[PDB]
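**Q** Below is one structure. I have some questions about it.
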Amino acid sequence: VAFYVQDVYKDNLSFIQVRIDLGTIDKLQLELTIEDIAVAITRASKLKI
Amino acid sequence: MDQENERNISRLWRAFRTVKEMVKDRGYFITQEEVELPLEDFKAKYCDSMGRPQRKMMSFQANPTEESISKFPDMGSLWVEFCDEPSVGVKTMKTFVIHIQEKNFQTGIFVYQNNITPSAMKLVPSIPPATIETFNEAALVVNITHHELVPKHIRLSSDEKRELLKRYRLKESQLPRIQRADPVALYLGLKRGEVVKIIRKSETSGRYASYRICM
Amino acid sequence: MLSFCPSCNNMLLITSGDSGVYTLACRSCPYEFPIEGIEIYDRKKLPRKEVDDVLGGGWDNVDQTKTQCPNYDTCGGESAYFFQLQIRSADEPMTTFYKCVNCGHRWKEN
Amino acid sequence: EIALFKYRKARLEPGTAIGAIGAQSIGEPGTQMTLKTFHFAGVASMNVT
Amino acid sequence: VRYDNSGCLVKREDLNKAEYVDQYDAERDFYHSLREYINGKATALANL
Amino acid sequence: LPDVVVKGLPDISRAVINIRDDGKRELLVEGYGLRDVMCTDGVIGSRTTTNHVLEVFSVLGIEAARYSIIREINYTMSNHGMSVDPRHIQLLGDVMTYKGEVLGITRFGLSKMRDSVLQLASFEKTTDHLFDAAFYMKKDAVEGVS
Amino acid sequence: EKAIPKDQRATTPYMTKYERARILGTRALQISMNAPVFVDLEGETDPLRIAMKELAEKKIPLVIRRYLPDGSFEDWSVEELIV
Amino acid sequence: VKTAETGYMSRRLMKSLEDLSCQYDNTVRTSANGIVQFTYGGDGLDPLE
Ligand SMILES: [Zn+2]
Ligand SMILES: [Zn+2]
């Protein structure tokens with residue numbers, strides 16, 4: 001569902017950017033939204049986020 | 001959004017319907033017009049204006065049927081309750097069991113949401129003439145007795161068990177045992193020594209009856 | 001991040017030190033690269049496969065309904081291509097899928 | 001008379017070691033049942049064992 | 001005869017419901033099938 | 001991160017849409033989440049089954065486990081056309097679902113189904129079973145065949 | 001004691017194969033221990049065939065105790081069983 | 001190579017099912033006098049006959 005995953009360092013911050021396209025969701029008719037992907041990322045145990 | 005709200009509402013509605021069927025199957029008095037509650041009426045009555053599900057307005061009491069209290073010597077009223085918290089603590093479980101003891105109910109059903117800690121599991125047996133049963137919501141989305149692979153179970157009273165034992169001339173320990181905490185046994189709420197008659201349907205032989213004893 | 005050192009050809013570890021700024025420090029030799037101003041990034045391009053269509057041509061020679069499109073910043077169309085499809089259980093309302101005539105952006109209702 | 005006689009003599013005789021007969025009747029076809037490739041109703045990759 | 005689970009008789013209006021099945025039921029089933037087969041033969045005569 | 005699950009069930013490896021001979025469509029998945037599959041909306045929760053027997057047990061009770069055992073053994077036997085009478089299969093299913101749980105036919109299952117010391121000693125784990133019987137002082141009634 | 005009377009018998013009146021085998025075995029052993037025979041042998045010198053001839057017209061004096069699995073036996077004379 | 005596994009399975013089955021018998025009250029019981037089935041197969045018919 002992601003075009004890419006990348007890691008960006010700011011001047012004093014570090015984060016990971018994920019680009020989710022709504023085109024693949026609409027073409028597959030998955031009942032998935034961006035905040036759903038966010039809360040699904042929160043439900044990962046090994047990442048400990 | 002619709003995904004976070006309507007699916008949760010539908011799951012809660014189907015869980016409510018399954019709990020209603022479960023309470024009716026135990027012999028308690030529930031009319032057919034309550035168990036066939038459609039989605040629209042449930043959203044109108046048991047749901048908030050902004051679509052949020054409230055569960056403190058969902059708990060209800062159930063009384064025995066005249067036929068059930070005729071066949072079964074003693075049978076009281078249940079108070080089935082749905083907890084609002086997603087992860088129940090020891091405090092709310094203690095509050096629930098205190099409520100059940102105070103209102104003088106013979107049994108109680110505590111439908112939790114996600115998970116219950118063992119520190120709250122250890123406190124459900126605390127009341128001598130009353131019992132507490134816990135059911136997960138995902139364990140209540142689909143009724144298991146309506147499944148094809150599960151044939152009809154029918155509990156038997158103490159006189160019924162005694163008649164069966166006299167007819168087959170055998171002691172209680174010789175019947176094929178069934179564990180409690182089995183899903184069908186949990187559906188029927190079977191105590192130790194209670195005998196359930198099963199009506200199996202095989203293609204070769206037709207309908208034939210077997211028997212089982214809890215624990 | 002797969003940056004390699006220009007002195008000893010080793011892996012660059014980004015550290016904050018104690019002042020709070022991230023630097024491309026190298027622990028094998030004295031060398032780092034502060035990231036002030038322009039920012040650095042490493043993108044891993046995930047594969048893009050051709051997955052199976054589900055609504056490919058699901059609105060051909062179909063009736064058109066009169067529904068307001070949610071996107072009013074692009075098109076003012078009021079005629080939408082709709083299709084009735086049973087998606088949930090038999091005891092629930094029949095959902096439908098319908099789209100704008102101009103800007104696409106398909107949406108469904110239950 | 002023939003049907004009733006057949007049914008009445010077709011009842012299982014008491015004392016029969018029916019468990020032994022059943023165990024053998026399940027076990028011995030395993031000798032003759034050679035390995036053969038199987039698929040579940042028109043799809044090739046399901047490779048049921 | 002079909003006794004209930006209580007050791008009493010069963011009224012002859014609700015015998016076929018699925019809560020009073022006894023050990024003899026298959027035997028009863030056999031007899032019904034037997035009669036049904038003879039019925040077919042009788043039908044095969046009558047239409048002729 | 002790109003290996004995280006965002007929509008679906010963790011144990012379902014893959015799903016294939018199949019057509020039956022009458023033209024109706026069914027869904028075959030390869031996983032262990034029986035309850036999650038049969039509780040999702042759109043799938044009939046009364047006619048969903050699986051070939052695995054422990055999932056059938058833990059979801060739908062010991063009687064459904066027995067039915068699953070009988071159906072699976074009969075299907076495997078009839079696939080090769082060996083023509084085994086189903087009564088033996090029913091007997092085997094009643095044996096494995098005797099003590100309330102699917103105990104199976106192994107050294108860890110006979111030790112639970114049967115309390116005879118000598119038979120369990122003669123089958124497997126002679127020394128351990130004999131010494132445990134000596135320690136626990138369990139009387140053995142000579143009623144079996146072994 | 002625990003004997004079911006001669007009218008409340010609720011076991012099949014047919015004589016099973018195992019009962020036949022045991023009856024013939026016991027009768028052949030008794031004949032081989034020089035017991036009298038109630039059938040006119042025609043030169044047969046094997047106890048088992050003489051026992052078979054005795055069974056053929058129901059002359060064996062043995063009876064069968066069908067122990068029900070609760071401690072209550074059930075008498076059946078060999079001459080009464082159908083076979 | 002099928003013979004070893006098939007014989008092991010047959011031995012396990014026969015050790016498990018050696019004690020069953022059909023008592024004179026038409027109930028299949030174990031050696032310890034516990035009922036497995038109330039009637040053999042639901043109708044008490046030997047597959048032999
Ligand atoms: Zn360096
Ligand atoms: Zn538009």
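Residues in the structure tokens are numbered from 1 in each chain, the chains being A, B, ... in the order shown, and ligands are numbered from 1 in the order shown.
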Within 10 Å of ligand 1, which residues show up when you count only C-alpha atoms and all ligand atoms? List them as a PyMOL selection string, please.

**A** chain C and resi 4-12+25-32

**Q** Keeping only C-alpha atoms, write the selected residues as an mmCIF file, in the first residue's frame.

**A**
```cif
data_model
loop_
_atom_site.group_PDB
_atom_site.id
_atom_site.type_symbol
_atom_site.label_atom_id
_atom_site.label_comp_id
_atom_site.auth_asym_id
_atom_site.auth_seq_id
_atom_site.Cartn_x
_atom_site.Cartn_y
_atom_site.Cartn_z
ATOM 1 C CA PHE C 4 30.033 5.527 3.576
ATOM 2 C CA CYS C 5 33.072 7.387 4.850
ATOM 3 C CA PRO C 6 35.379 9.250 2.433
ATOM 4 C CA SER C 7 38.449 8.727 4.651
ATOM 5 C CA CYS C 8 38.392 5.113 5.888
ATOM 6 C CA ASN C 9 35.368 3.831 3.887
ATOM 7 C CA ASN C 10 33.294 2.856 6.925
ATOM 8 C CA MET C 11 29.684 3.162 8.049
ATOM 9 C CA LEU C 12 28.447 6.585 9.159
ATOM 10 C CA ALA C 25 29.822 10.846 12.880
ATOM 11 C CA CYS C 26 32.390 8.152 12.101
ATOM 12 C CA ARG C 27 33.905 6.276 15.033
ATOM 13 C CA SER C 28 36.796 4.807 13.024
ATOM 14 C CA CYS C 29 38.373 8.156 12.091
ATOM 15 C CA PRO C 30 37.842 11.845 12.862
ATOM 16 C CA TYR C 31 35.117 12.820 10.389
ATOM 17 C CA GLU C 32 31.509 13.939 10.531
#
```

**Q** Write out as a PyMOL selection string all residues of chain A that DSSP puts in strand (DSSP E) for this structure's backbone.

**A** chain A and resi 2-9+14-20

**Q** Restricted to C-alpha atoms, what would the selected residues look like written as a PDB file, in the first residue's frame?

**A**
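part-v4.pdb, written as the output of this step:
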```pdb
ATOM      1  CA  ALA A   2       3.094   2.200   0.323  1.00  0.00           C
ATOM      2  CA  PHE A   3       4.972   3.768  -2.577  1.00  0.00           C
ATOM      3  CA  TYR A   4       8.054   3.969  -0.353  1.00  0.00           C
ATOM      4  CA  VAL A   5       9.324   4.187   3.196  1.00  0.00           C
ATOM      5  CA  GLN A   6      12.096   6.680   3.921  1.00  0.00           C
ATOM      6  CA  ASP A   7      14.024   8.042   6.890  1.00  0.00           C
ATOM      7  CA  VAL A   8      14.432  11.823   7.169  1.00  0.00           C
ATOM      8  CA  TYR A   9      16.704  13.631   9.626  1.00  0.00           C
ATOM      9  CA  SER A  14      14.472  12.240  13.110  1.00  0.00           C
ATOM     10  CA  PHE A  15      11.419  10.564  11.620  1.00  0.00           C
ATOM     11  CA  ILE A  16      10.227   8.000   9.085  1.00  0.00           C
ATOM     12  CA  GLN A  17       7.953   9.065   6.227  1.00  0.00           C
ATOM     13  CA  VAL A  18       5.541   6.609   4.589  1.00  0.00           C
ATOM     14  CA  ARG A  19       3.616   7.479   1.413  1.00  0.00           C
ATOM     15  CA  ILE A  20       0.297   5.640   1.199  1.00  0.00           C
TER      16      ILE A  20
END
```

**Q** Could you list, as a list in words, all residues that come within 9 Å of ligand 2? Count only C-alpha atoms and all ligand atoms.

**A**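 So, counting only C-alpha atoms and all ligand atoms, the residues near ligand 2 are residues 68, 69, 70, 71, 72, 73, 74, 75, 76, 77, 78, 79, 80, 99, 100, 101, 102, 103, 104, 105 and 106 of chain C.
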
**Q** Kindly provide, as a PyMOL selection string, the residues of chain F having any atom no farther than 8 Å from an atom of chain A, counting only C-alpha atoms.

**A** chain F and resi 2+4-7

**Q** For the residues in the current selection, export N, CA, C and O atoms as a PDB file, in the first residue's frame.

**A**
```
ATOM      1  N   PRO F   2       7.804  -1.950   6.712  1.00  0.00           N
ATOM      2  CA  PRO F   2       6.969  -2.427   5.600  1.00  0.00           C
ATOM      3  C   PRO F   2       6.527  -3.878   5.719  1.00  0.00           C
ATOM      4  O   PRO F   2       5.935  -4.402   4.770  1.00  0.00           O
ATOM      5  N   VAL F   4       4.574  -4.850   8.417  1.00  0.00           N
ATOM      6  CA  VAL F   4       3.545  -4.791   9.448  1.00  0.00           C
ATOM      7  C   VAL F   4       2.189  -5.080   8.819  1.00  0.00           C
ATOM      8  O   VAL F   4       1.958  -4.792   7.637  1.00  0.00           O
ATOM      9  N   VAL F   5       1.300  -5.693   9.594  1.00  0.00           N
ATOM     10  CA  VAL F   5      -0.052  -5.978   9.128  1.00  0.00           C
ATOM     11  C   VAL F   5      -0.931  -4.759   9.378  1.00  0.00           C
ATOM     12  O   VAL F   5      -0.934  -4.191  10.477  1.00  0.00           O
ATOM     13  N   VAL F   6      -1.661  -4.337   8.350  1.00  0.00           N
ATOM     14  CA  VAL F   6      -2.520  -3.167   8.461  1.00  0.00           C
ATOM     15  C   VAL F   6      -3.994  -3.488   8.268  1.00  0.00           C
ATOM     16  O   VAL F   6      -4.844  -2.700   8.718  1.00  0.00           O
ATOM     17  N   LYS F   7      -4.342  -4.603   7.631  1.00  0.00           N
ATOM     18  CA  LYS F   7      -5.742  -4.954   7.410  1.00  0.00           C
ATOM     19  C   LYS F   7      -5.821  -6.441   7.119  1.00  0.00           C
ATOM     20  O   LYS F   7      -5.288  -6.899   6.103  1.00  0.00           O
TER      21      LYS F   7
END
```

**Q** Hey, list the chain H side of the contact with chain E: 8 Å cut-off, only C-alpha atoms, answer as a list in words.

**A**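 Output check: residues 39, 42 and 43 of chain H.
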
**Q** With only C-alpha atoms as the counted atoms, please give the residues lying no more than 10 Å from residue 33 (chain H), apart from itself and same-chain residues fewer than 3 positions off, as a PyMOL selection string.

**A** (chain B and resi 170+173-175) or (chain F and resi 143) or (chain G and resi 69-70) or (chain H and resi 20-21+23+28-30+36)

**Q** Output as a count of residues only the set of chain D residues within 7 Å of chain H, with distances taken over only C-alpha atoms.

**A** 15

**Q** Counting only C-alpha atoms, a student should be able to say which residues of chain E come within 12 Å of chain B; what is the right answer, written as a ChimeraX atom specification?

**A** /E:3-8,16-30,33

**Q** Given only C-alpha atoms, how would the per-residue table for chain C near chain A read, listing every residue at most 6 Å away with its closest atom pair and distance in Å to one decimal, sorted by chain and number, as CSV?

**A**
```
residue,atom,partner,partner_atom,distance
C:21,CA,A:12,CA,5.2
C:36,CA,A:11,CA,5.7
C:41,CA,A:8,CA,4.6
C:42,CA,A:6,CA,5.5
C:43,CA,A:6,CA,4.3
C:44,CA,A:4,CA,5.8
C:45,CA,A:4,CA,4.7
C:46,CA,A:4,CA,5.0
```

**Q** Mind writing the picked residues with C-alpha atoms as a PDB file, in the first residue's frame?

**A**
```pdb
ATOM      1  CA  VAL C  21      22.203  18.239  16.705  1.00  0.00           C
ATOM      2  CA  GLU C  36      22.301  21.947   9.105  1.00  0.00           C
ATOM      3  CA  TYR C  41      17.006  11.178   3.354  1.00  0.00           C
ATOM      4  CA  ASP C  42      17.242   7.585   2.135  1.00  0.00           C
ATOM      5  CA  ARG C  43      14.229   6.285   0.211  1.00  0.00           C
ATOM      6  CA  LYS C  44      13.671   2.569  -0.380  1.00  0.00           C
ATOM      7  CA  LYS C  45      11.293   2.188  -3.315  1.00  0.00           C
ATOM      8  CA  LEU C  46       8.799  -0.544  -2.472  1.00  0.00           C
TER       9      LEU C  46
END
```

**Q** With only C-alpha atoms counted and 10 Å as the cut-off, give the residues of chain B in contact with chain G, each with its shortest interatomic distance in Å and the pair that gives it, as a Markdown table.

**A**
```
| residue | atom | partner | partner_atom | distance |
| --- | --- | --- | --- | --- |
| B:168 | CA | G:70 | CA | 9.5 |
| B:169 | CA | G:70 | CA | 6.9 |
| B:170 | CA | G:70 | CA | 7.3 |
| B:171 | CA | G:70 | CA | 9.8 |
```

**Q** Deliver the residues from the most recent selection as a file, using N, CA and C atoms, as a PDB file, in the first residue's frame.

**A**
```pdb
ATOM      1  N   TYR B 168     -30.222 -46.960  32.388  1.00  0.00           N
ATOM      2  CA  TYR B 168     -29.024 -47.611  31.876  1.00  0.00           C
ATOM      3  C   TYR B 168     -28.224 -48.327  32.956  1.00  0.00           C
ATOM      4  N   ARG B 169     -28.647 -48.229  34.218  1.00  0.00           N
ATOM      5  CA  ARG B 169     -28.067 -48.975  35.340  1.00  0.00           C
ATOM      6  C   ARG B 169     -26.569 -48.715  35.481  1.00  0.00           C
ATOM      7  N   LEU B 170     -26.212 -47.441  35.621  1.00  0.00           N
ATOM      8  CA  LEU B 170     -24.818 -47.035  35.678  1.00  0.00           C
ATOM      9  C   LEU B 170     -24.646 -45.842  36.607  1.00  0.00           C
ATOM     10  N   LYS B 171     -23.424 -45.671  37.096  1.00  0.00           N
ATOM     11  CA  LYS B 171     -23.086 -44.564  37.975  1.00  0.00           C
ATOM     12  C   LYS B 171     -22.626 -43.360  37.164  1.00  0.00           C
TER      13      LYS B 171
END
```
